[PDB]
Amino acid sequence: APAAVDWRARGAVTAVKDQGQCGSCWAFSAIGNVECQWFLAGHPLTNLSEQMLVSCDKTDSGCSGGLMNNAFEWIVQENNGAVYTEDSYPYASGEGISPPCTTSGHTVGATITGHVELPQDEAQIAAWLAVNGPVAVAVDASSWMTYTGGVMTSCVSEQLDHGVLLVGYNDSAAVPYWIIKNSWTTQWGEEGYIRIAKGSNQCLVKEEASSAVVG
């Protein structure tokens, strides 16, 4: 595998969002993966809607939280693969309250037909990520609210609590690292991102990794 990857530099990744006081990070993770799998599929960079997931995906629990695998599953099964634009199903859950489901007013912004579930193996996750792009990942973010910058190397890693996006890594570095999109504003972390150490299952990042498949 290449010694370093950052899918952002190829412009594959959308602007860093804001989930609000709402445990909708599973939605932000998933949607971010979709935005990226849809870009790389030859299509233009389009902002997609987490609100669709939060309000409509009943297989998960809205502002109370959820899984990404279920998000993907639901999109493909109940929503026939269709994911709406963000502009036409905008986020209205910045206050821990999620609007009910609406079925008119929107516009389809992407298609996925399934998703894949990655080996609990950091290196394969990495290789794959080099070949196919950004990966939704579940993580322990317990030590994260105190992260200002750098390669965090002392992660509490015991229970998975968060949903974020792997956009790349680096292996040449002194401390090898992952490169991670967060849905807490760009005013958090490294302009909305965090790097953690690659190689030790920091934050249980090798655990639940998956990605929507566009085509």
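Numbering starts at 1 and follows the sequence shown.
The stretch 195-203 shows the higher mean C-alpha B-factor when 20-28 is compared against 195-203 in the entry. On average the C-alpha atoms of 91-99 have higher B-factors than those of the other stretch, with 136-144 and 91-99 being the two compared. Which of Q51, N33, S183, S172 has the largest Cα B-factor in the deposited entry comes down to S172.
Among all modelled residues in this chain, the alpha-carbon of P119 has a temperature factor (C-alpha) in the lowest third. Among all modelled residues in this chain, the alpha-carbon of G189 has a temperature factor (C-alpha) in the lowest third.
In the PDB entry, a CA B factor belonging to the middle third of its chain's modelled residues is recorded for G150. Per the deposited record, the Cα B-factor of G62 falls in the lowest third when ranked against the other modelled residues of its chain. Sort the chain's modelled residues by C-alpha temperature factor and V167 lands in the lowest third, per the entry.
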